[PDB]
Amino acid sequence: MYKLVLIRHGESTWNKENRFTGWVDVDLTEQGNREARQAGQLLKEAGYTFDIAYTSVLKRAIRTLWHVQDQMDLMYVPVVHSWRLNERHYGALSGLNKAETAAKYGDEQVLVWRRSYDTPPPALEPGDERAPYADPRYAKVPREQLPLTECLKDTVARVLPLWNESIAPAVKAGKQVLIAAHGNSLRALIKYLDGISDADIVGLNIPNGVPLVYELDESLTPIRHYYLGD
């Protein structure tokens, strides 16, 4: 039997400002920092430890991991930072206030952009400042694989290779794994692990900075999962 622990980044500046974020590299608020620290103390107090961690290339997730590591005295463990764990790419909605967007385009249209499994938001223009092509984080990713927008289906397809190629072999080797990532990248993983349908997964909400523990059997099939804390 294996345990795998998941955590969404703490409150980001754009969570506070009610903006779609996607791949824009915004940082944690003081409240986000505190959530991250609290998650680390909770894992420490429950006697959890880790051998390795995976995270995105986005600093809200990485700094969340840093706080967890600091509180746990695990600053020395290997960390794999992967663009494959990045939040779902929100296209031309990245940076827009969610309430002002629904006001302009209507709740129905925004429902689609937030919840349609297979239909992405409107794309960035290739020359947008927010496009990923000149970013050193993605310099070794083939240009064709870099998104200008994503539906959750795209996000799942992008995350799973990291699981197959690295995380699953890590777990099977008896490494105690922590994944510090984002709402939709974690939903993508949870969808695969729990075999959740296209329709069901769209309604799963993961709170900021709460450890989510998965117990897996010999075939990496979930036995049970649960949040730690209150």
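In this text, residue numbers run from 1 along the sequence as written.
The question of which stretch, 201-209 or 166-174, has the higher mean Cα B factor is settled in favour of 201-209. According to the PDB record, 95-103 carries the higher mean C-alpha B-factor of the two stretches 133-141 and 95-103. The residue among 111, 80, 75, 148 whose C-alpha carries the highest B-factor in the deposited model is 111.
Looking at 32, 195, 183, 47, the one whose CA carries the top B-factor in the deposited record is 195. Ranked by C-alpha B-factor against the other modelled residues of its chain, residue 25 falls in the lowest third.
Among all modelled residues in its chain, residue 13 ranks in the middle third by Cα B-factor. Sorting the modelled residues of the chain by their CA temperature factor places residue 128 in the middle third. In this PDB entry, residue 154 carries a Cα temperature factor that places it within the middle third of its chain's modelled residues.
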